[PDB]
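**Q** After the C-alpha cells below, expect a handful of questions from me.
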Amino acid sequence: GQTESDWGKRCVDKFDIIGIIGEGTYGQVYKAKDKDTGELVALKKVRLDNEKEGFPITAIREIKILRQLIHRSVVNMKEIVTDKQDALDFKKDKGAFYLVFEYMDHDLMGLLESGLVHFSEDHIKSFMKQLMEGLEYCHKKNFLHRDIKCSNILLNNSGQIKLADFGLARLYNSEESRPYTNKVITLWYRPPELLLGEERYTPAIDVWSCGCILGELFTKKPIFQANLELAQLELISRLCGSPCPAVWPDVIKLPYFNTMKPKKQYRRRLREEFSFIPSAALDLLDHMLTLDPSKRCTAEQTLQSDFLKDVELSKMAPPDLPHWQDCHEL
Amino acid sequence: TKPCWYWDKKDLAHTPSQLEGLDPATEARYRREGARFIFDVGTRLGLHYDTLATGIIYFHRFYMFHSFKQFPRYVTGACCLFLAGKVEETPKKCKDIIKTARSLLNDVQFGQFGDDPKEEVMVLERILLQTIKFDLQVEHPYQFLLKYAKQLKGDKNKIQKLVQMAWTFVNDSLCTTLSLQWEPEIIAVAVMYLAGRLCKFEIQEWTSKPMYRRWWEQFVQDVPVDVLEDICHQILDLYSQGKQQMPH
Amino acid sequence: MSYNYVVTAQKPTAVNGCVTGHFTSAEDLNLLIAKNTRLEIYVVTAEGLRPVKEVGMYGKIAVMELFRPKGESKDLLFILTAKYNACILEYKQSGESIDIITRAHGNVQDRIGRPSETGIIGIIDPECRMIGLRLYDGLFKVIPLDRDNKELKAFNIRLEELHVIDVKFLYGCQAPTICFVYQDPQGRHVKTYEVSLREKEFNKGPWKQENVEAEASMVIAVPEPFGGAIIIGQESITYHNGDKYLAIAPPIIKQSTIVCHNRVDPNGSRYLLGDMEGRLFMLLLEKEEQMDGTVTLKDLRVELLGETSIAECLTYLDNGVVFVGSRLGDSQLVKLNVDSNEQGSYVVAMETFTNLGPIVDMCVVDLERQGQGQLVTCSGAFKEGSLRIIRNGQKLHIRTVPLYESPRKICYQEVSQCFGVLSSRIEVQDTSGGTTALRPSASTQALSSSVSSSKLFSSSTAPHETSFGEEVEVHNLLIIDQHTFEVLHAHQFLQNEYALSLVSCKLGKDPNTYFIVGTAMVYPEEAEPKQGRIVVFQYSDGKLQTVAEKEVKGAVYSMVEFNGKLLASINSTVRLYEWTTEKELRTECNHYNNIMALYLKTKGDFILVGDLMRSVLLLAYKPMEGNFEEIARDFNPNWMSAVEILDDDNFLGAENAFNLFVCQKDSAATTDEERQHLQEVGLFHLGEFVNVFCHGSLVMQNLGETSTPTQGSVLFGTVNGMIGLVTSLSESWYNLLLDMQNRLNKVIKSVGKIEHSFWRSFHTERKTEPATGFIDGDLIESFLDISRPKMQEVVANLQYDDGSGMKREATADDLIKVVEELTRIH
Ligand SMILES: Cn1cc(-n2cnc3c(NCc4nc5cc(Cl)c(Cl)cc5[nH]4)nc(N4CCOCC4)nc32)cn1
C-alpha cells in the first residue's frame, strides 16, 4: 500500500497532454493519458515560481482536504507529478508540480448549456441523491466546497456523479469562527447570506447552490440570473421572499441588511411559480431554498426526503442523449 | 494508498545520518536542538501547538530519509515550520520566520542559512514535500489526551493535574524519536500512564469500567504494558540526562 | 477584437403560417402569409393575390391570428414572437401612405418555466374576450382583451395536465372554454376547462374527458352550427361534443400523417386536411337536423381531392381557391373543381411561388464561366426535393431542377463537367419482402445505374426483422450534368447505409479526379452507428466505377481535402488518410478528444472541428511529427450547426439557437493558455438556422477589385430558404456603421415596438447576451429607404474618428453613397 503512496517523485513525462478542457477554481484543467496505463486522467495545478510564499497555500488546502475524502461521489485525486528535476541541482530547480485527478466523461455545464441532454424525474433523482450523499460525507468531515457550479459537477455515461474542484474549499468549525470571503460562490448560485456580507457562514451555503441546480434541471434555465449582487438579491426576493426579520431573525445581524434592501417586501411565491415540479421535489426545493441558513435544510435531511429517501443507487439512470436528432431533428 | 511513517527502535541505527559517521549521541542531540528550534521560533511567532508539532513531525521524518551532514538542521527546521503553518492554517511569511530565527540563533548557527537565508529555506520546500510524500495531514497526541480525559469523571483538580502533567510530557516527547516509533494515540495514553504513576493516581477509578485495571484498553486497543513502559522510559531519560526533576 | 458584417441576400421563403380575414379594410378579404420574421399582406382577387404591404419584424413570428372585437371596424392582428414579444397591430392607410400601427406591446416571458414540447400555441376566444397562450408546461397564460390592456399584461392559471398536444377555444359555450388533448402515462385524452376572467382560475369543463388515440395531433374548433371539437390523429378522426361521440377511421389517412387543417365552410360542414405526402383531403360533416330545430352530426366523411405540395398551412380563399403554404417545397395556389379530370384529380395548380425550402448543402460554381458565379443548392425534401440554380441578374434569377427525393450534399467536379449529389428516397416494405417506392425520383430515372456489391458488413448472418408498411431510406449518389442537369447515373448504396459526406478531388500522386462518399450503417437499435465506409468512385465515360473502399467503425459525418490527403471525421475521431500508390487509403494520424466530430473546415495545415457540444476546436497537422495537435478551443459550450474559416485568426460558427458567433485567437501570447483560449469576439442572433457555410460570391465581377469597403465573402443557406452573406470590416468602418445603427434604431419605428438591440441579442434558453462584433447590414441598408427628415436626423452631429486623422463630421449625402456601395456586395 506504499507503491501508490510514493508521490511527487514521478514526472509528467509519463503523461501525454491531449489539451486543455476548461477553467477550474484557480487554474485551467488539462487532459492527458498515462503512457504506462493508457488511462485518461484530469490534470491541473499551479506554479512554484512566485517565491512570495513558495508553494501555494490554497493548493495545500486542496491537497489536504482531498486526500482525506474518499467516496463514490467524489473525484479521487490519483497522484501528484512534477516537471523534470535536475539531479544534484535541486537549488536551481524551478520546476512546477501537477495534480492528477480522475477523468470523467462529461461535465454537467456543457450538457445543459448546449441543451442536448434531457433529465427525467428518475434521472434527477439519481443525480440529486449521489450529489447529497457526497455532500453529506464532506459536510460530515466539516469541509465546505465554497464553489458549487455546473462545471465542477462531473458525470460518467454510466450515471455516476462526482464533485470536482476543491481548491476553494476550506475547513468548517462550529465552535471556532474564522472570517471568510463574503464573495465565494458564483453569483447565480450564491446563497443570500453571502450577498448580505456574512463572513462566517455555515455549510448550508452548498445546499443553496444545489437547490438552484435542482430547479435548473426542471426548467432547463438557471433560477437566479443577475450580473450584480443587489439584482441577484432582488430575484431571490421575488421567489423565496424578501429577507425579513420574520423569516430570518438574524437577518438584522448581517451587515448589508440595511444597505441592500429589495424594492418591496415581496412574499414567497416559490410553490406557485414551481407548480409544474413534482410534489416530492417541490417540497425539497422549498426547504433547500430557505432564506434563513439556520432554517435551511442540511445535506442529510435531503437524503431523508420523500424525493430521495427511496431512490436506489442500483437503478443509476444516465441522462438521455439524442441519437439521430443531432444530424437533423424528427 | 497511504505511506507508512513508523519504524522500529532498532532501525534508527541505520539512518542516513548514522551511516555517514555521525554517532548516535550526536544525532539525538541534533534532533533535540532542531525540535526546540522549531518549538522556540514558532512560540515566539504565537503559533498554535498543533502547528509546532506538525513541523517537528516533518523534521523527524525528514532526517529518516536524509543526513544531517548534507542538510543543515536549522535550515530544515525553519522550512518545516514554514510548511506546517500553511498546512494547519496558521500561515507566516518566510521573512518573518527568518527574522525570528536570527534573533534566537548566534552568528555561527544562523550561518547555515548562507548568504540568502530566505532562498536557502524556500528552495528546501520542494525537497521537503517530496520527502514527506505529500502526506500533510498529521495527528498529534494532544487531541487524544483531551479526548480521553473528557471521558474521565472524578476529582476535577486531580484530573486537571493529570492533563497538564501529561501535556508537559507530550511537549518533551517531541524532542525524541517517539513520534516516529509509535502512533499518537499510544503516546497520549503513555503520557497519561506516566503522569498516573508519578501522581499515584488510579485512573481506572475515573473510567466507566472502574475495575478494568487496564484502563487504557478502552481507549487504544492492543497496547501491552511493554510499549507504555518503553515510552515512559524514553521520556524520563530526557529529564534524567539534564538532571531536571519531574514537573509534579 | 473582430468586426464583421452580415446581410440578407435572399429573404426567407418558407411559409410558417397563413391566415384569412379582413385586416386592411372591413370589405377586403386578406391573406396574411407569415415567413420567418417577415409578414406578407395580400388581397384576394378573382385571378389571384394582389400584394399591398410587406413589413419586417424584429422577431420570429410564432403566433399570427386575426380577430375583431366589438367596436372595431376591421380585424386586428396579434403576433407573438419566439422571444415572447407580444403586440397587437392595426392597418391604417391614408391614401398612398400605408402604415401599420402598434396598438399594444409587451413581453410575456416568465422568469420561471419549462418550455413545452409542442411549441408556443396561440388561440383567441370567439367573442374576443382573451388571448390564450401556452408557453410553459403546467401553465396557461391568459391575456384579457380589455380596452385598457395596452401593456398586454397577463396572468398564469395553474394547469394540472403538464404535457399538452394542442388547444383551441371552443364554440357555443356560455363561458370561455378551452379544449385540449394532453398525454399522461395512460395514453392521450381530451379534456375541457372554463376560463374565468373574474375568478382568474379554471372551473370544471363543459363535457367530460374521453380516452383518445395515442397519436392525437390537432384540435379543430367546430363552429356554432355543430359545436364541439374534432380531434385529428394518425388513423382515426373523432368528434367530441357533450354526450355525442363520432369516430371515423378511413384507411387512406393511415398511409401518411396529417399535419394541417383549415375550415372551408363557415357553417362547419367542410374542412381541408393535408398529409406529409402532399395529398389534399376534404372532411365532410353531414348534417342531421332533428324535428326540434337542431342540427346534430349524422356522420363524418373523408374524400381525397388531389396532390399538393407538402404544406405547413392550408387556407381556403373564397370561390374554390386554396393557398398551399409549404415549408419543404414551393407554395402554391390551387383550384378545387367540382368535377374530376381524366386522371381523377379535383385539384389544378394556378400559380407556383418559389420556395428554396431547406437548403441542406450548397456550392458556388461559375458554370457559365462569367466570373460572376452561381449558387447550386440542395433544396426541398421528399417529393419537393430539388436543385436550385441561383444567379445575380434587379432580381435573382433562379432555375429549378426537380429531384422528387430528399437531397443531402452536393459537390462539383469540373473534370467531368458534372455535379455529385447525395440523395435519399422513401420506400415502403411491400408484400414481396423488398421495398416499393411511392413515386419515381431522380435516383430511379437515371440513364445508367449501379448498386454497391460490397461485402464488408455482410458479416451479419441474421438480417434484422422487417414488417410490412415500414418506411425505409434509400441513399444514392447522383451524377448530374452541369449543362442539362440530367441524371446521368445513380449509384444506390447498401441497405441501411446513409450517405453523409461527399467530396470531389485528386489525392496523392493519383491524377484521376474522384468522387468520394463517406457513409454509415444505420440500424434502429444503434446507440450511435458503429459501422461505415469511405468509398472512392471515379466517373469516367458515363459510368461510375468503384475504385476502393475503406471500412471505418462509425459514421463519416464529413470529409474534406487536405493537402492531397483525405481528412475524415468518424464519430468522435478525426482521421487523416493517405492515398497510397496502390489506390488504397492508409491512416496517418488521429484525434479523439471530441464527442461527435460533425463539421470540418481546413485552411493550410490548420483544421477547424465543429463538435456537437464542444463548439469549435483548432487542429494542427504539423508535417514534421505526423500527428495532430490541439491549438486552441472555444470553451463556451455551443450546439454547432455549421462552421467556417474566415481568416488565419478568425472563425465563424452557427448555433442551433439561431445564433452566429466568431472566435479568434487571443493574439496576446503571455501564458500558453491564453493562446489555447479561443475568445468569442462576435455574437449575433441571426434568427435563422444555418446549415452550410460557403466561401464565394454571386456578384458580377468585371475586373473590379478592392473597391469595396468590406473584405471577404461567405454565403450561407438556412432552413427557411434564407441566404445571407458574412464579411469582415475594418475598425474604422465598423465604428462608423455601428454608431449609425444606434442612430437608425432611435429613428426607425419597429413593428410592434420591438427593440432592435433585444432582437439581435444572443439568445439561448439559458443565456441572453447583447450583440457584439457584428453589423446588422439589413438595418444599415434601410437608411436608403427612410424619409429625408429622418436621414438628416441620423447624420446630424455624426463625426467619424477612423484614425490617422480627426473626427470629421458626416454629411447626409455622403452616407447615402456609402450604403449604395454596401448594397453592391449582394
Ligand atoms: C478540479 N478537477 C477537475 C476534474 N475533472 C475531471 N474530469 C473532468 C472533466 N471531464 C468532462 C469534460 N468536459 C469537457 C469539455 C471539453 Cl470542451 C473538453 Cl475538450 C473535454 C471535456 N471533458 N471536466 C472538467 N471540467 C473543467 C472545467 O470546465 C469544464 C469541465 N473537470 C474534470 C478533477 N478535478
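Every residue number used here counts from 1 along the chain in the order it is shown.
Determined by X-ray crystallography, 3.9 Å, according to the entry header.
Backbone N, Cα and C atoms are what each Cβ position is placed from, and that goes for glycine too.
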**Q** Based on what Swiss-Prot says, identify which of C:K150, C:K746, C:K753 is the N6-acetyllysine one.
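**A** Comparing C:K150, C:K746, C:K753 with the record, Swiss-Prot tags C:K753 as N6-acetyllysine.
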**Q** According to Swiss-Prot, one residue in C:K200, C:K455, C:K807 is annotated as SUMO2 cross-link; name it.
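**A** Record annotation (Swiss-Prot, SUMO2 cross-link): C:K807.
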**Q** Whole-number Å distance between the CA of C:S2 (N-acetylserine) and the CA of C:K753 (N6-acetyllysine)?
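**A** Answer for this pair: 30 Å between alpha carbons.
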**Q** Tally every other Cβ atom lying within 10 Å of the Cβ atom of C:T811 (phosphothreonine).
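**A** For C:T811 (phosphothreonine), the count of other Cβ atoms within 10 Å is 12.
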**Q** Including all protein chains displayed, how many Cβ atoms other than that of C:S2 (N-acetylserine) lie within 10 Å of its Cβ?
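**A** So the number of other Cβ atoms within 10 Å of C:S2 (N-acetylserine) is 24.
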**Q** Within 10 Å of the Cβ of C:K807 (SUMO2 cross-link), how many other Cβ atoms are there?
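**A** So the Cβ neighbour count for C:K807 (SUMO2 cross-link) comes to 11.
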**Q** Tell me, how many other CB atoms lie within 10 A of the CB of C:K753 (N6-acetyllysine), whichever protein chain they belong to?
**A** 13
**Q** Measuring Cα to Cα, how far is C:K753 (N6-acetyllysine) from C:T811 (phosphothreonine) in Å?
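**A** Here the two Cα atoms lie 29 Å apart.
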